[PDB]
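Inside the fold
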Amino acid sequence: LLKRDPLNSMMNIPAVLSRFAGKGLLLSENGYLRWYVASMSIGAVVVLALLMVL
Amino acid sequence: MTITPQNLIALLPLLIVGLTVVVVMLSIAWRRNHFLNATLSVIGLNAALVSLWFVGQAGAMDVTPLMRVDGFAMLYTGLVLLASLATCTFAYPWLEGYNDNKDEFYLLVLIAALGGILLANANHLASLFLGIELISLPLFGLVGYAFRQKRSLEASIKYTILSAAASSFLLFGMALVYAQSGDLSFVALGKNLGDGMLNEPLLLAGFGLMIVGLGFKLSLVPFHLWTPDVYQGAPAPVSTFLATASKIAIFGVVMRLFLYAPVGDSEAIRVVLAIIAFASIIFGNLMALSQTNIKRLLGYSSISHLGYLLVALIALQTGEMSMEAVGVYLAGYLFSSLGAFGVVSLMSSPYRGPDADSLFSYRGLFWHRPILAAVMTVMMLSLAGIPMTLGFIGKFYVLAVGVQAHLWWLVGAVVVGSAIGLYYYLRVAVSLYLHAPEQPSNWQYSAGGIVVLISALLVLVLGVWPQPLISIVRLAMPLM
Amino acid sequence: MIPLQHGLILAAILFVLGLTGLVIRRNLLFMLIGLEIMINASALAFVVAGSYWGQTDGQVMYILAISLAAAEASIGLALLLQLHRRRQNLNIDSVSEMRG
Amino acid sequence: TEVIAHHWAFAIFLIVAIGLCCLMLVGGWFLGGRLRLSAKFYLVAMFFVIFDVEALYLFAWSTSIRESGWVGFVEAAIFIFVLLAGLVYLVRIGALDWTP
Amino acid sequence: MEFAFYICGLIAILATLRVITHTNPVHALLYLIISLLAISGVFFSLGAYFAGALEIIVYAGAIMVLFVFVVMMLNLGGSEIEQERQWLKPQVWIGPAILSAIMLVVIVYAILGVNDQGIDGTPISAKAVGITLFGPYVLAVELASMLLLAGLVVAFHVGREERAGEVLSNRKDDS
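Residues numbered from 1 in each chain as written, not as in the entry; some residues may be left out. Chains lettered and ligands numbered in written order. Part of a larger assembly, values for the part shown. Heavy atoms only, no water. Residues with missing side-chain atoms left out of burial classes, pairs and counts.

**Describing the overall build of chain B**
For chain B, the count of helices and strands is 19 helices and zero strands. For a compact globule of 480 residues, the expected C-alpha radius of gyration is about 23 Å, and chain B comes in at 21 Å, within 12% of that figure. Its C-alpha atoms give chain B principal-axis dimensions of roughly 70 × 55 × 40 Å. Within chain B, the fraction of its 480 residues that count as buried is 70%. By element, 68% of the accessible surface of chain B is carried by carbon and sulfur atoms, the whole surface being about 14300 Å². (Helix = DSSP H or I, 4+ residues; strand = E, 2+ residues; numbered from the N terminus. Rg over C-alpha atoms; globule rule 2.2 N^0.38 Å. Buried < 20%, exposed > 50% of the residue type's maximum accessible area, 1.4 Å probe, protein only. Areas by Shrake-Rupley, 256 points an atom, 1.4 Å probe, with all protein chains shown as cover.)

See below:
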């Protein structure tokens, strides 16, 4: 039952999570300039909202 | 206030760079020569460095309400000047095989060096705005210098539009903080407030819009989406310049703004930059994982390194050594990125026309040019926070600053981001030593070679012995 | 007579409309037009801020703003001309060859 | 009690000038029963724009010529020297001649 | 001069609103011209005579000139883009508009909470701008001259013809 290493698997699911998060985050780099301006506006909204909340 | 004759001594590097700008332009008009203009630009930057030494012989004073010259300004002026020198020495072999005019590149590099010096000396909001715009606007024609090529033109388009948008954001935020506080100086942005009134809405929102603009200019999250396309599309000396000198000057003016203004005691801007630094480190190290192109990977690495700068900046009001840590990490990052982009520029030289695709293919680089592979893997070790390199000294300073003021989340973010980063750093380092599936005698190519190997010797020496760097950084202390 | 809030709200509304026209439109020329709208909005906000305190720094910042607007308009229009001469279209979603 | 009359005179002058042009146009109306131009035109327009914005600094210099001493004259002189260096660079490269 | 300021602001907002949601670009540029005229009137109403005179001299007398010069040069009417009519579709229209309107409401919430001393009189003429333009702010105009020189160099290097002819039909990738 242990010959397929369970603890090595549970210790390299951080690598799987990192690869999944990198592949998910690379969808934002689609190369569209309009989405770049939209993301700039989204970040500005987020920064202003976080400043007004605090 | 008026400018005295003795105040002209502290102005000297800026005057020398402007004089070499007009001298280079007159030489272009008279002759239109490549080697003469490159030599004039190099001589002007070297004379600006000797002028910086002359400034160090003189005092440290406020020249105008726009500019105050001190050790911080001298250090950042020197870093920007040597980065511009490296850009010129990497750009001459690239421009040797260029079909169109090849002197406006040096003119724009000199003007952007002037903008970086202005940002280094910037003690004012107008000075900050003018400095970042003097950095941004020559870089438009620097990125789109190979506008015959498709990707360079696209990168120039993206950079121009997003920089205009972020300049509008910064200008509106600066207008808001001018409407709130009736002085445009750095030191008088919250002097009219007190007794816990400092968290006012207008000043905070204006500083948020300024944070948006400067986070575009420092490739922070989520304003970092311009970074890989601009790094890839632009020519490799342009990528070198807009990675090292532009970002060094913008972070220097950001540090001076957050040090001199009394909004550093505000516990909302600090939390916003903590979130931004956390997300910048984590996100940049995440999207640099599955990258095959070296320029996009270096762009995400730059995103992570400005994240490390930002966490070094958060503890500025408490750690008491944050300026020294930022200076040391910027010296290490400047030399490491200079060496890496110098290898990129030397291997992608000359231009070889716009029809041929300018892919790098770093695999098998050791089997035809071993010295370039050696300096490239030295810089790849340096960017990972790995010892016997100066990048480890900078990472140690950043971690000490983060753990001195008890930034546990940010320290954990730095540790996780470095552990993620060394994966692709050593992947590139191994891949440049593997077997190539498929597959230089000039004086200036050799000049770029000694420049990159001098950078390699510098990072190795200051990794095994960083004490002269600490001595020359601590000697350059701003006036509190 | 005129409160600062109304002028700053007018400048903010112009900035919002310029950003909206910059995002929602695919044409590069209209994108540059929206960029100049946001630049003029920030310049107007600086003018109101300078006129409120009675200082002349707002008008100097307006001069710097319109100098930046002039040079950036020149650069963006040169890039627009090159994009038309090469791609023969001005769709900003068409020039997206750089994937992640 | 004089500048209000002057502003009123300016207002009626503008209003009745546009009204005269409108009534003149509608009285004329009532009675009776893929290519590209060039790039040098854009270049000369951009020369006009950049030199007009530098002329703006000369515009603002001309009003405060006496209140600023010889140091202001030196600063405007090196400004004009940079302007003329740019203009003579433009002259000598060949981008300013037409040659149709 | 307060009702003039309010009406100039209202027609400036209206003119730029017709700028944003227009179809052919020359009418949008005309609407931006009258919007810049209205913002110049706003500048005049607040005592910034130099600012409004500058807006019509520079922003409306040179910059809109460059925009209409390019438009009238390369002969766009918005061809192949008017017939698509992407901006007058709602699934693209709600998103950025409500996002940037959330930005609008949060930034005008940040506008309020500041003490109101009002816009005073004492119109700042060009003499004050001159005496503070070559006093404390010398390096501003010197390095702004350098910045304009850099912008001229960038746009000239990017956007010249490289071909001979005062009438040119469009070739792909310039022959």
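**Focus: the environment of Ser-28 of chain A**
When you line up the elements, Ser-28 of chain A lands in the loop between α1 (6–25) and α2 (33–53). It is 8.9 Å that separates the C-alpha atoms of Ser-28 of chain A and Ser-39 of chain A, two residues lying 11 residues apart in sequence. Excluding residues that lie within four positions of it along the chain, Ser-28 of chain A makes contacts with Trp-35 and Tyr-36 of chain A together with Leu-225 of chain B. (Contact = heavy atoms within 4.5 Å.)

**Observations regarding the interface of chain C and chain E**
The interface is formed by 67 residues belonging to chain C together with 80 residues belonging to chain E. Looking at the side of chain C that touches chain E, the elements that each hand over two or more residues are α1 (4–24), α2 (28–53) and α3 (57–87) of chain C. Per-element accounting of the side of chain C that touches chain E gives the leading share, 24 residues, to α3 of chain C. Across the side of chain C that touches chain E, the residue classes tally to 42 nonpolar, 18 polar and seven charged. (Nonpolar A, V, L, I, M, F, W, Y, C, P; charged D, E, K, R; others polar.)

**Quick word on helix α5 (residues 125–136) of chain B**
Residue and element names in this part refer to chain B. The end-to-end C-alpha separation of α5 is 16 Å, in line with the 16 Å expected for 12 residues at 1.5 Å each. Of all 12 residues making up α5, 12 are buried, and the element is well covered by its neighbours. Of the positions making up α5, those classed as buried are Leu-125, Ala-126, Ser-127, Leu-128, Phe-129, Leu-130, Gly-131, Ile-132, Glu-133, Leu-134, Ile-135 and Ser-136. (Expected span 1.5 Å × (residues − 1).)

**Let's talk about the interface of chain E and chain D**
Counting from both sides, the interface comprises 45 residues of chain E and, opposite them, 39 residues of chain D. Of the roughly 4100 Å² buried between chain E and chain D, counting both surfaces, carbon and sulfur atoms make up 68%. Considering only the surface of chain E that becomes buried against chain D, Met-73, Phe-134 and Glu-166 of chain E emerge as the three largest contributors, covering 17% of it. Where chain E touches chain D, the interface holds two salt bridges. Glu-67 of chain D is paired through a salt bridge with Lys-127 of chain E; the nearest N and O atoms lie 2.9 Å apart. When residues of the side of chain E that touches chain D are traced back to their parent elements, those giving at least two are α3 (49–74), α5 (126–131), α6 (138–158) and β1 (168–169) of chain E. Take the side of chain E that touches chain D: its biggest share by element is 13 residues, from α3 of chain E. Split into classes, the residues belonging to the side of chain E that touches chain D amount to 29 nonpolar, nine polar and seven charged. Where strand β1 (residues 35–36) of chain D meets β1 of chain E, two bridges bridge the pair, whose relative direction is antiparallel. Residue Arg-36 of chain D lies in a different strand from β1 of chain E, and its bridge partner there is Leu-168 of chain E. (Buried area = accessible area lost by both parts, 1.4 Å probe. Salt bridge = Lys/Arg side-chain N within 4 Å of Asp/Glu carboxyl O. Pairing = 2+ DSSP bridges.)

**Comments concerning the packing of helix α1 (residues 12–30) of chain B against helix α3 (residues 70–93) of chain D**
For the pair α1 of chain B and α3 of chain D, the least separation of the axes is 8 Å and the interaxial angle reads 20°. Our classification of the angle between α1 of chain B and α3 of chain D gives roughly parallel. At the point where α1 of chain B passes α3 of chain D, the crossing takes the left-handed sense. Residues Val-22, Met-25, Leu-26, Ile-28, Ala-29 and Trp-30 of chain B of α1 of chain B form the contact with α3 of chain D, whose own contacting residues are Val-82, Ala-85, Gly-86, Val-88, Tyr-89 and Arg-92 of chain D. A per-class count over the contact of α1 of chain B with α3 of chain D returns 10 nonpolar, one polar and one charged. (Axes fitted to C-alpha atoms, helices over the stretch in contact; angles between N-to-C directions. Parallel < 35°, antiparallel > 145°, perpendicular 65-115°, else oblique. Left-handed = near helix turned anticlockwise from the far one by under 90°.)

**Things to note about the packing of helix α12 (residues 294–314) of chain B against helix α17 (residues 408–431) of chain B**
All names here are of chain B. Packing of α12 against α17 brings their axes to within 11 Å, and their N-to-C directions diverge by 160°. Of the possible angle classes, the one that applies to α12 and α17 is roughly antiparallel. Crossing handedness for the pair α12 and α17: left-handed. Within the contact between the two elements, α12 uses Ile-294, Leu-297, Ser-301, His-305, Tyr-308, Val-311 and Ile-314 and α17 uses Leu-410, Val-414, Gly-417, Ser-418, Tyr-424, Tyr-425, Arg-427 and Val-428. Residue classes in the contact of α12 with α17 are distributed as 10 nonpolar, four polar and one charged.

**Comments concerning the pattern of salt bridges**
Within the structure shown, the criterion is met by 20 salt bridges over all chains. Its salt-bridge partner being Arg-160 of chain E, residue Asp-100 of chain B comes within 3.0 Å of it at the nearest N-O pair. One end of the pair, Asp-100 of chain B, is in the loop between α3 (71–96) and α4 (104–120); the other, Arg-160 of chain E, is in the loop between α6 and β1, on a second chain. Using a relative accessible area of 16% as the deciding quantity, one classes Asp-100 of chain B as buried. A residue is classified by how much of its surface remains accessible, and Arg-160 of chain E, at 15% relative accessible area, is buried. Across the pair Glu-161 of chain E and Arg-36 of chain D runs a salt bridge whose closest N-O atoms are separated by 3.0 Å. Here the residue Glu-161 of chain E occupies a position in the loop between α6 and β1, and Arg-36 of chain D occupies one in strand β1, the pair thus bridging two chains. With relative accessibility at 3%, the residue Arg-36 of chain D sits in the buried group. Through salt bridges with shared partners, one network takes in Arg-85 and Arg-86 of chain C, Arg-36 of chain D together with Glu-161, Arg-163 and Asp-174 of chain E.

**A closer look at the side chain of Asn-170 of chain E**
Here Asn-170 of chain E is to be found in the segment after β1. With a relative accessible area of 17%, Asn-170 of chain E lands in the buried category. Among the polar contacts made by the side chain of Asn-170 of chain E, one reaches the side chain of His-84 of chain C at a distance of 3.1 Å. At 2.7 Å, the side chain of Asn-170 of chain E and the side chain of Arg-36 of chain D are in polar contact. (Polar contact = N/O pair within 3.5 Å; in protein donor to acceptor, adjacent residues only side chain to side chain.)

**With respect to helix α15 (residues 370–382) of chain B**
Residues and elements named next belong to chain B. Between the first and last C-alpha of α15 there are 18 Å, a value that for 13 residues agrees with the 18 Å anticipated at 1.5 Å per step. Where α15 is concerned, the buried positions are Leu-372, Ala-373, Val-375, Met-376, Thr-377, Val-378, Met-379, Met-380 and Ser-382. If you follow the buried residues of α15, they end up packed against α12, α14 (322–347), α16 (390–404), α17 and α18 (443–464).

**Here's the deal with the nonpolar core**
Soluble globular proteins tend to pack their nonpolar side chains together in the buried interior. Grouped together as the largest cluster of nonpolar side chains are 359 residues, with contacts concentrated most on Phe-169, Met-174 and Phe-207 of chain B together with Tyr-42 and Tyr-57 of chain D. If sequence neighbours within four positions are ignored, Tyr-42 of chain D has contacts with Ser-74, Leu-77, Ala-78 and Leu-81 of chain C together with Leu-66, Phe-69, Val-70, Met-73, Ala-155 and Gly-159 of chain E. (Core = buried A, V, L, I, M, F, W, Y, C linked by side-chain atoms within 4.5 Å.)

**A word on the environment of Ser-84 of chain B**
Residue and element names in this part refer to chain B. Positionally, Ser-84 belongs in helix α3. It is 35 Å that separates the C-alpha atoms of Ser-84 and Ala-405, two residues lying 321 residues apart in sequence. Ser-84 has contacts with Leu-45, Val-109, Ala-113 and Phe-241, leaving out every residue within four places of it along the chain.

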